[PDB]
Amino acid sequence: XXXXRXXX
Amino acid sequence: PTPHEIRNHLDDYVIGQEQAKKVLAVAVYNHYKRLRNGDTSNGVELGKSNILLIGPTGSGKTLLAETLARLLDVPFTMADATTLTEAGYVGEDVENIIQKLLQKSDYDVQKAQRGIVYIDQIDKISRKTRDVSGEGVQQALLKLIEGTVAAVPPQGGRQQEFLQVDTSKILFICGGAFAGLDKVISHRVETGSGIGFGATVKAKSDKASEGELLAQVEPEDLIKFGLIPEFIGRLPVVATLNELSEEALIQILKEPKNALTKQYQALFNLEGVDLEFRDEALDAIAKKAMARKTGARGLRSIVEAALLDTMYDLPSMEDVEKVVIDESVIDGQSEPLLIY
Amino acid sequence: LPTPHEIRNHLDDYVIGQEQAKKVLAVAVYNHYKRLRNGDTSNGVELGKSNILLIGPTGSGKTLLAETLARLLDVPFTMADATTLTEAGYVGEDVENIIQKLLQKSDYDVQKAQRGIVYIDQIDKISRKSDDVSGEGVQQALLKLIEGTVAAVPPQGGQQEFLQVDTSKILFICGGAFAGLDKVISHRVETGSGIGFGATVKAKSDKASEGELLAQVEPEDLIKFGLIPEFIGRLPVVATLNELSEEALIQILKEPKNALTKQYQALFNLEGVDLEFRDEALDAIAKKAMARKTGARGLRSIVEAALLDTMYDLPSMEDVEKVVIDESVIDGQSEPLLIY
Amino acid sequence: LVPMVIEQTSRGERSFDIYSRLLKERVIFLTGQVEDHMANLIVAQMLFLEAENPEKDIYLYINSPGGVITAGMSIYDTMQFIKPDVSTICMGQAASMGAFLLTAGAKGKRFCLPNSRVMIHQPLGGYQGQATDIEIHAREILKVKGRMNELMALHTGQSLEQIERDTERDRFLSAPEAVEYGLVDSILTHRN
Amino acid sequence: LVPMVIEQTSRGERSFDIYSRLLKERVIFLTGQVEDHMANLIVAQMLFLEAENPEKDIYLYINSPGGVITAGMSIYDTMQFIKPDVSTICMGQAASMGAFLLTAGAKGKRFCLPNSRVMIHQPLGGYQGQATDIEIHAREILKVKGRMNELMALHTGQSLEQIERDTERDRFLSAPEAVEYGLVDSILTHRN
Ligand SMILES: Nc1ncnc2c1ncn2[C@@H]1O[C@H](COP(=O)(O)OP(=O)(O)OP(O)(O)=S)[C@@H](O)[C@H]1O
Ligand SMILES: Nc1ncnc2c1ncn2[C@@H]1O[C@H](COP(=O)(O)OP(=O)(O)O)[C@@H](O)[C@H]1O
């Protein structure tokens, strides 16, 4: 549904 | 099919793109030239002729496709990839496009294989829980272009029978405004700038404008954007469209029956009042339109922004048989003169 | 079933100017598929795989060798690019996508995708920067992939299941261009020079071929470039393209059956008109190609731009049986001659 | 010693010297006597700014007691060659050669501080040797004096005859008198 | 002090001195007196540019009152040996040796500023010792004078007899006269 993709 | 006649009809509905019309007439004619009597040549692997349109916003891409469908005898489709979800998800699937093509051809396989395909907003599928409208759409479309027979249930399925309609014979027109495609081309063409006396120094913008920048594009430049090289390999043809011309803006408001001037004219004719637009006001509008960098679509802003006071005050006003718009009106310093 | 001599001729038909590269890929692919037919029924078990690593200039036909091979071999092929690749979990990409791409050719492969081939482009872009998600880190992830393993892959995207596919059997061909590698090997093997008086200057930029130096390339030189020796150990086979030649470009348009010159010739055969391409016109295309530093890839732009006027007017024109092209026409100062 | 400053940018923090920070904004400093080394450094700065932007005005602050003539003429020809308008400002003092580069700026973009002072005189020289050699060096310095007066009249607008009489000996000009004399355009008393 | 500049590149930001930035664009500066140290530094710059690109023109800006002859001849032989065309420009002044390196540039790529000045004279020397040693050093400097006049005629196109008469004493040449004299090709008044 919702993708929480984050990279430091 | 005549390249000289197809260009004459498109000239009626489209203006400002002379080079692009020549490209479409050649590619379109080469597409049908192969289907009717082609693939009977001494040399094998005749390259499939395709089209890849590229232009800014309001460049008339939709109009060119539409004008072709009306002129052309076979059917035409307008299938964007904004909602094309792969693997049969809730949004949509690529198979429906094949289905919609048959509806236009009335389940005629012999007539549907000779059809044309056009897609808008192809930049949105550029590769970046899961991704549904990303690079996945390229994979499904890739099979459609390279060539493959698919299975479509006739009438949606009452048996499990499908129609094995070919796809290598159908033409495809991938076109959409590519945002940011100018900085990438700028790096290659600029090749730095000299600092000494003899070396020439570039100004703020001499060759960095959208016009004369896409013609020198290459396939490797699109790879950095996000597209797949195999997808671009199947479309060796490219069509570069100029942003706009000052003279074309004056013609778009006078020759087309759907011009904005004629629209507002009928809006006031029902009220029992006449309207007029002098030539000095038309050319002034074109200078302000190009500054907005939006195209013909952003032309209504300049018109209604000027006729706001003219339309708001109008109903209360009486004995105003005709209204004249002077060049000063576009500037906004002087109000339009009223005729009693 | 095929042999190295038979495949050499087929490769020669579509590729030229690369003799050593043909023998390398021929014996490599020949012995690779021999291992699949025999499997491990012989005394020897777990027959090791031999990978291939190509190094050559840009537009030197590296991709064509892999594409033409897939047509004759008939096995599935994919063209992956390593520029987007990122180090295990970053915004750009993950290695998992590559595995599904190969299956995407047929979308259903259990004992059929193991025998497929894969190509990689721009391998030098991931060189270990020594000042990382772009550098060395990416190479570490590919080690286990090339050595052979199994990755879960949803077939067709969908079941509540995933299919396991081996990758030891799957051969990999890492293609790429290593610019500036001549300086590293020159000081090591031939001579330390280029800056001194007695030292040889780089006068032979185009007079002589850098290729000859690349033939003496070794894995130790690749370590200084940035690659990991462990990564190069998995790819013992080495292929070195020498250069592209002006006379070769003339042969590229005449010797290959799929030459662009022959496509237009076949296009007008059904039309009942003859086509011609003089030798004085092909040499000019070679100069324009080298001028844009693109090779054979930037060839259609020169041809299609020149024949746009002739092709557009050919259907309209009548009683024309032959077309002649001259060197002046390529420059754009002349119009091609027409014979009735 | 030169103080170091930090220019806050989106990419990150960067450390610059006070003179280099102003160079980024198209500002060059002319300090001390005009010599071959100091003059050749300013020329490289002007060319660097030309490539970065040929449409942005350059500002040249001059505080110098003058110096060699040949070193100064290299700067004058550069300002006229490049397309950007080289704005000049006089801080503290502007001697014979400093005044020639001051008035050589773009018309309408020349300023002088309320308490600045300009001084103009004739070229200085000398020679020791045979009489034949003295005549050669005398004719050369005479041409320069005539050439320097011709260009001074061109930018100041005065007549060549007036410049010859005023440059026979040292002549100091206050900031108000310079405006009336055509040497500058206005005075930057306060920031409005 | 040398100002620092930032060269925006795709890889990242880098800090360079004003002299090093121009070196990246095949530009070398010849400032001050010509000596063994300053001359040996310019030679290394030319070779570095040769390796980077042997087909791009090099630009040499000269602002110098001259100096040692042997130091200058090392530069002249280098310009002729390398394949690239060494373009020369005169800024401020060009003395005897500065003029020889100016005219030694590639034909058709020699320029002089509108207010630049060139000066040419004969070699200078001297010796103290026995009469036998004075005769040796006198014959050597005479060969150099003859050799320097022969090469001057080759690039300027004039006759050897004319160079001998014109180089007997100091001779100043304005920018227009240098073009008429074959020393240069044109004048870079404005940027077109
Ligand atoms: N070539 C053209 N000639 C005449 N009118 C045009 C032309 N292009 C655009 N217009 C006008 O602008 C309107 C919108 O044009 P569109 O073709 O829809 O713009 P567009 O750039 O194709 O939109 P996108 O970017 O594909 S969503 C048309 O209904 C016309 O009124
Ligand atoms: N021998 C050849 N015959 C015909 N075309 C060639 C040949 N060599 C290269 N090409 C052209 O080069 C293109 C492929 O270039 P490619 O090998 O992908 O470059 P790179 O080596 O940088 O990957 C193809 O479009 C093909 O037409």
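The rules behind these values
Residues numbered from 1 in each chain as written, not as in the entry; some residues may be left out. Chains lettered and ligands numbered in written order. Part of a larger assembly, values for the part shown. Heavy atoms only, no water. Residues with missing side-chain atoms left out of burial classes, pairs and counts. Helix = DSSP H or I, 4+ residues; strand = E, 2+ residues; numbered from the N terminus. Buried < 20%, exposed > 50% of the residue type's maximum accessible area, 1.4 Å probe, protein only. Contact = heavy atoms within 4.5 Å. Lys, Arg positive; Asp, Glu negative; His and termini not counted. Charge placed at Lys NZ, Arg CZ, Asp CG, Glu CD. Pairing = 2+ DSSP bridges. Axes fitted to C-alpha atoms, helices over the stretch in contact; angles between N-to-C directions. Near = heavy atom within 4 Å. Polar contact = N/O pair within 3.5 Å; in protein donor to acceptor, adjacent residues only side chain to side chain. Areas by Shrake-Rupley, 256 points an atom, 1.4 Å probe, with all protein chains shown as cover. Nonpolar A, V, L, I, M, F, W, Y, C, P; charged D, E, K, R; others polar. Domains from an automatic or database assignment. Patch = residues over 30% accessible without salt bridge, like charges linked within 9 Å, V, L, I, M, F, W, Y side chains within 5 Å. Salt bridge = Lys/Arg side-chain N within 4 Å of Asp/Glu carboxyl O. Left-handed = near helix turned anticlockwise from the far one by under 90°.

- Deposited coordinates in this entry are attributed by the record to cryo-EM, at a stated resolution of 4.12 Å.

- Chain D carries the name ATP-dependent Clp protease proteolytic subunit in the PDB entry, which gives Escherichia coli as its organism.
- Here the entry title, as the record gives it, is "ClpX-ClpP complex bound to substrate and ATP-gamma-S, class 1".

- Where the PDB entry is consulted, chain C appears under the name ATP-dependent Clp protease ATP-binding subunit ClpX, with the organism given as Escherichia coli.

### Structural notes on the overall build of chain C
- Summing up its helical and strand segments, chain C has 15 helices and nine strands in all.
- Principal-axis analysis of the C-alpha atoms gives chain C an extent of 70 × 65 × 45 Å.

### A word on the overall build of chain D
- Summing up its helical and strand segments, chain D has seven helices and nine strands in all.
- Seen along its three principal axes, the alpha-carbon backbone of chain D occupies a region of about 65 × 40 × 30 Å.
- Of all 192 residues assigned to chain D, the portion counted as buried reaches 47%.
- Considering only residue pairs separated by 6 or more positions, chain D has 64% of its internal contacts joining residues 24 or more positions apart.
- Taking the 19 positively charged and 24 negatively charged side chains of chain D as two groups, their mean positions are separated by 5 Å.

### Points about the sheet that holds strand β2 (residues 77-81) of chain C
Residues and elements named next belong to chain C.
- In space, the five strands of this open sheet follow the order β2-β3-β6-β1-β7, with parallel pairing throughout. The strands lining the two open edges of the sheet, one partner per strand, are β2 and β7 (237-240). For this sheet, the mean inter-axis angle between neighbouring strands, taken without regard to orientation, is 20 degrees.
- Of the strands in this sheet, β1 (52-55), β2 and β3 (117-121) are in contact with helix α3 (residues 62-73), which crosses β2 at around 155 degrees.

### Here's the deal with the site of ligand 1
Residue and element names in this part refer to chain B.
- As a matter of local geometry, ligand 1 sits amid 14 residues, with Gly58, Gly60, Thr62, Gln121 and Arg297 nearest to it.
- One of the side-chain nitrogen or oxygen atoms of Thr62 is found 2.5 Å away from an oxygen atom of ligand 1.
- Within the side chain of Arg297, a nitrogen or oxygen atom sits 2.5 Å from an oxygen atom of ligand 1.
- Contact with the protein chains hides 74% of the accessible area of ligand 1, taken as 640 Å² for the molecule alone.
- For the shell around ligand 1, the leading source of residues is helix α3 (residues 61-71), giving three residues.
- Per-class residue counts for the shell around ligand 1 are six nonpolar, six polar and two charged.
- Domain assignment of the residues forming the shell around ligand 1 places at least three in each of domain 1 (1-242) and domain 2 (243-340).

### Thoughts on a positive patch on the surface
- A cluster of basic side chains, namely B:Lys224, C:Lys125, C:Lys129, E:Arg11 and E:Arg14, defines a positive patch on the protein surface.
- Within the secondary structure layout, C:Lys125 lies in the loop between β3 and α5 (136-147).

### Considerations on the pairing of β1(C)
Residue and element names in this part refer to chain C.
- Alternating positions in β1 separate into two faces, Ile52 and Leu54 on one and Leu53 and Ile55 on the other, with burial throughout.
- One ladder, built from two bridges, connects β1 with strand β6 (residues 171-174); its direction is parallel. The partner of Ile52 across the bridge, within β6, is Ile173.
- Note that β1 and β7 share four bridges and pair parallel. Considered in β7, the bridge of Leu54 is made with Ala239.

### Focus: the arrangement of the chains
- When the seven pairs of chains in contact are compared, the highest contact count belongs to chains D and E.
- Nowhere do chain A and chain D come into contact; their C-alpha atoms are at least 16 Å apart.
- Without any contact between them, chain C and chain D keep their closest C-alpha atoms 18 Å apart.

### Considering the environment of C:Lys183
Residues and elements named next belong to chain C.
- Counting through the fold element by element, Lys183 comes out in helix α6 (residues 181-190).
- On the basis of relative accessibility, which here comes to 55%, the residue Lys183 falls in the exposed class.
- Between the alpha carbons of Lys183 and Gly194 there is a distance of 9.1 Å; along the sequence they are eleven residues apart.

### A look at helix α4 (residues 96-103) of chain C
- Among the eight residues of α4(C), six are classified as buried, and the element is accordingly described as predominantly covered.
- Within α4(C), the full set of buried residues consists of C:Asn97, C:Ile98, C:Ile99, C:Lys101, C:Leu102 and C:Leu103.
- Packing partners of the buried residues in α4(C) comprise α6 (136-146) of chain B together with β2, β3, α5, β4 (150-153) and β5 (163-166) of chain C.

### Quick look at the side chain of D:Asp36
- If you trace the backbone, D:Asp36 turns up in helix α2 (residues 36-52).
- Here D:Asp36 sits buried without a salt bridge, and the closest side chain of opposite charge, E:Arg117, lies 12 Å off (N-O distance).
- One polar contact links D:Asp36 to D:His37, side chain to side chain, over a distance of 2.6 Å.
- D:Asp36 has contacts with D:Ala71, E:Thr31, E:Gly32 and E:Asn63, leaving out every residue within four places of it along the chain.

### Focus on the packing of helix α3 (residues 69-81) of chain E against helix α5 (residues 131-156) of chain E
Residues and elements named next belong to chain E.
- Their axes nearest at 13 Å, the elements α3 and α5 cross at an angle of 35 degrees. Considering how the two elements wind past one another, α3 and α5 form a crossing that is left-handed. Contact with α3, carried on its side by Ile69, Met73, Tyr76 and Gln80, involves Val144, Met148, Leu151 and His155 of α5 and no other residues of that element.
- Residue composition of the contact of α3 with α5, grouped by class: six nonpolar, two polar and no charged.

### Here's the deal with the interface of chain D and chain E
- Contacts between the two partners involve 34 residues from chain D and, on the opposite side, 31 residues from chain E.
- Joining chain D to chain E, the criterion identifies five salt bridges.
- The closest approach of N and O atoms between E:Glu13 and D:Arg11, which form a salt bridge, is 3.7 Å.
- Counting across the interface, chain D meets chain E through ten residue pairs in polar contact.
- If you list the elements that add at least two residues to the side of chain D that touches chain E, you get β2 (13-17), α1 (18-24), α2, α3 (69-81) and α5 (131-156) of chain D.
- Per-element tally for the side of chain D that touches chain E: the top contributor is α2(D), with ten residues.
- Grouping the constituent residues of the side of chain D that touches chain E by class yields 16 nonpolar, nine polar and nine charged.

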